[PDB]
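Student: below you'll find the sequence and an experimental structure to go with it.
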Amino acid sequence: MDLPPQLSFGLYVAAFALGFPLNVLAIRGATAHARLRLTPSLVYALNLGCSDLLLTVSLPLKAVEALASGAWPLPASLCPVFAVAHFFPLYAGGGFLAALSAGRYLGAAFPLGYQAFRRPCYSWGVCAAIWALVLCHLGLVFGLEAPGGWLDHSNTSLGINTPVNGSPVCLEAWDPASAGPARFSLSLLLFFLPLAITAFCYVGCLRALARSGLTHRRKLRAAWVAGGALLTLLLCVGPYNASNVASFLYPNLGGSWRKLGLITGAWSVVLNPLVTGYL
Amino acid sequence: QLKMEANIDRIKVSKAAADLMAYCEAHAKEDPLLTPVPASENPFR
Amino acid sequence: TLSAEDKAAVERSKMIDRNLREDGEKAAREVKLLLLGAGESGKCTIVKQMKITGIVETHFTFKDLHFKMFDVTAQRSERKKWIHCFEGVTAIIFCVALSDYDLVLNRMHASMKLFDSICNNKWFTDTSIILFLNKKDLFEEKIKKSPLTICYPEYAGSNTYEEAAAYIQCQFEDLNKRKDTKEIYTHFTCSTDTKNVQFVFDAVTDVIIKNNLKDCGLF
Amino acid sequence: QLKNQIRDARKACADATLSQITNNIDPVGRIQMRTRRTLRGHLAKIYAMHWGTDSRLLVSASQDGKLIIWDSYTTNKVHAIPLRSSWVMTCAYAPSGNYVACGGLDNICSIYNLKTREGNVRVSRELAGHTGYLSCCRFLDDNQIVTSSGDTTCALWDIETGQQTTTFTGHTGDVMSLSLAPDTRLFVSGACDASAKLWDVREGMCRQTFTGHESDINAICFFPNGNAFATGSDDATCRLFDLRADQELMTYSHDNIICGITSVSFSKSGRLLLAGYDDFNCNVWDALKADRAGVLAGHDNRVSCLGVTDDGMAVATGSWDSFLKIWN
Ligand SMILES: CC/C=C\C/C=C/C/C=C\C/C=C\C/C=C/C/C=C\CCC(=O)O
């Protein structure tokens, strides 16, 4: 039971029109907070805001392609650019959330050491490392798997694969059992390990707070904030990776599952600032 | 001390106000705040 | 900066700025505590235990952590004029003489009034406060000898040490209106040296954890 | 009896108000000031500042434990004296520029010699003898300094002798601020008893006392003429007192302002006065019409102090944040 194209287009437009003002307001608030004083959490907030803005910029092409006659209503020259702009933020947000959870765990379980090592330079360096690693992984996978690479067929187009007729969007009509292991490895290394790190840091912070003698209200507020962030990350990223691993396990997957996964991933840009916007 | 404070010479308030007004108007030109200063020779700009 | 004098001035300014940055980095991780008391409690017994004008400065390091304690017993002036200077301190150490309830300057009432005044200050809302009750043995001897009803006519019950100490602690703790964002670490002073410094270190660690959580955004 | 006679004499001398005399004056237009220079060397809240004689170098003392002399023309720093006590609330600059004094919770007005043979700043004297928090230190000459403490008294010290020579007593409340006349022969002190007393440098007794404030006085400053001064209290008002008239001339207050006043200073000609406020705002009042002329909202936390240069080229306002602004 695939969703009608009109409903998909409408929900994409609504999601973009709600996310964009919230995203720009969150970015403005983060910049205003950083102007007075710079904090390690503010760096992650600014990075998340930039990723959300990039995702909103990439949204309209997907929104207009979601129609029935929307196989590829755009030039193919910038198709890899759109694919990167749509794929990078999904893992970038998870990486930023994992880094923030690690920082919170370090500041809670090891307060003296964290205070002695309070340096925004370390946060900027780790953010740059995450950006570089994700970009390098995406580029290597695009070269190895997508057509036009060294291991790809010579008689092919970069991001275009229409063996029958027409012209589809990048990764919209990917050939089954072609980049299955590559997509599975990307999903693992970009979400499952960050998810495990985030869960470990969350449970460690909760244990440290329980062992702490702080006020019950402060502990409850911190636990609620951490749980809300974890629930946001789950409900925004997990379904897409689950669909990817289900497709990798056996090629029987096909139909509206990919559309639902993409819609859930697009809901991230509109749902994340609600719990982490620093308004 | 209060007796010494009481035995002092006091002048009219109007004369003192007139003197203060004359002092304020005499140095109005010399004050760089009442009259804006050009940036050509301003040390701070 | 064509002139040599201008270059020298710029270099001196850069050196001064780097020295300021180094000093700020050094002082960022340094922990300061404030010592307060009413009447004879201004001269706290912690410094005397360690041994055996204006602000008195004391330095001691526990568990590789530097602690600074300031004594304000010599500042016999208006408290509100200079109370805003002691802002951003890690914690405030309050010492109450439990054996001063019988003595009249009334001493316990004055201590409670001063505690209420300092706890309700607009500049001390974020700062945590540590409550120390001294002379527990003297207090128990006094209540065994003299009745406690004189100090608290409303209070009724037996004259044992445990319930009297609990009642005093509750009456001291319930003196703050903001019970959500303010925490009080009440304690009883004992002859053991390790217990007091351990409690102070635990309170400082809790304050540091709260500050780190606030910085990370969990507040 | 004597107080009643003094009040009757004050009432009789009040022939007319200052507003009636200044009615014919054309009102001054609105003035806009911009922060020409910003100083960010400090890493903690500052409490006092004082300009130099040449109107180029100024000294500011902050709570981190040291004071920095700033060259406002170039914004670079020229000196940095690490104070022994981190609790400092006052600072002073010598008229000759050689010496710098500071004081705080510790009852010491430490004096440092900027000019030394070895080229390194060193402590020249360490004055002691006060029993209260040192509210303000001010230099009379190269060898005379006047300090006001929290013991409801003021004293005159000698740098070479190291001991106070003349002491001033009579204030009911703690003295908070003081200002020096241009001829350095007489001065006032603003205590917490809502009163200001006029003292003598030479013989040292209070000729006249001024009352009328509803709260403790935090700031005080003489008129450029030297025959009048303005006071700033915690009840959000500024009163211009006249030495000859021995009574309040004009009051500067408004319904909008309810916050206290930290620092008060006059301009070069005395036409306009700048007063700090607890809402990180500076109001440029009119000394003759009690009308606001401008608002300096360039600060963040609270305007701790502000001062005007001798030539009146620019005004510098300190504040509890690490940034210092120069307004011109
Ligand atoms: C694709 C991204 C996947 C993982 C990304 C980064 C991950 C894990 C980082 C750290 C956790 C455990 C240990 C190393 C210690 C690290 C310092 C990192 C952060 C804290 C900085 C701060 O918030 O102040």
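Tutor: Here it is on my side, so go on. Numbers count the residues shown, from 1 in each chain, chains lettered A, B, ... in the order given.
Student: can you give me the neighbour number for residue D:28?
Tutor: Counted with other CB atoms under 10 Å in any protein chain shown, residues neighbouring residue D:28 total 16. Using the backbone N, CA and C atoms, a C-beta is placed for each residue, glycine as well.
Student: does it count as helix, strand or coil?
Tutor: Per DSSP: H, G, I helix; E, B strand; the rest coil, the secondary structure class of residue D:28 is coil.
Student: nearest spatial neighbour of residue 24, skipping sequence neighbours?
Tutor: If you meant another chain, say so; for now it's chain A. Excluding the flanking residues, the one nearest residue A:24 by CB to CB, 6 or more residues apart in numbering or on different chains is residue A:53, at 7.3 Å.
Student: sorry, should have said chain C
Tutor: Residue C:24 sits nearest to residue D:43 (CB to CB, 6+ apart), 4.2 Å away.
Student: ditto for residue A:276
Tutor: residue A:229 (6.2 Å).
Student: phi and psi next, for residue C:178.
Tutor: Main-chain torsions, residue C:178, degrees, to the nearest 10: phi -90, psi 90.
Student: pretty sure it is touching residue C:125, no?
Tutor: Yes. Between residue C:178 and residue C:125 there is a contact under CB atoms under 8 Å: 6.4 Å.
Student: looking at the two, which is more packed in?
Tutor: Legend: neighbour count by other CB under 10 Å for residue C:178 and residue C:125, higher for residue C:125 (12 against 9).
Student: verify the contact between residue C:75 and residue D:134 for me.
Tutor: No. If you go by CB under 8 Å, residue C:75 and residue D:134 don't touch, sitting 11.2 Å apart.
Student: which elements pack onto whichever helix or strand residue D:249 is part of?
Tutor: Element membership for residue D:249, per DSSP states H and E: strand D:247-252. Helices and strands touching strand D:247-252, as assessed by 3 or more CB pairs under 8 Å, 6 or more residues apart in numbering or on different chains; DSSP states H and E, comprise helix B:13-26, helix D:18-21, strand D:238-242.
Student: alpha carbons of the second one, as PDB, please.
Tutor: So that's helix D:18-21. What follows is helix D:18-21, C-alpha atoms only, in PDB (Å, rounded to 0.1, in the frame of the first residue of the first chain):
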ATOM      1  CA  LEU D  18      17.400  76.100  39.900                       C
ATOM      2  CA  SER D  19      14.700  75.200  37.400                       C
ATOM      3  CA  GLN D  20      13.300  78.800  37.300                       C
ATOM      4  CA  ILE D  21      16.800  80.300  36.700                       C
END
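Student: okay, and the beta partners of the residue positioned nearest the centre of chain C?
Tutor: Here the mean C-alpha position of chain C is nearest to the C-alpha of residue C:93 (CA atoms, centre = their mean), at a distance of 1.7 Å. Counting by DSSP bridges, residue C:93 is bridged to residue C:35, residue C:130.
Student: which stretches of chain C form strands?
Tutor: With DSSP state E as the criterion, chain C has strands at C:31-36, C:56-61, C:66-71, C:91-97, C:128-134, C:184-188.
Student: ugh, wrong one, the stretch 201-328 of chain D
Tutor: In the stretch 201-328 of chain D, the strands defined using DSSP state E, counting those that start in this stretch lie at D:208-211, D:217-222, D:228-233, D:238-242, D:247-252, D:264-266, D:272-275, D:282-286, D:295-296, D:305-308, D:315-318, D:324-327.
Student: mind giving me the packing neighbours of the strand or helix carrying the residue nearest to residue A:276?
Tutor: Element membership of residue A:229 [criterion: DSSP H and E] is helix A:216-249. For helix A:216-249, the packing partners by 3+ CB pairs under 8 Å, 6+ apart come out as helix A:79-109, helix A:180-187, helix A:193-211, helix A:257-275, helix C:193-216.
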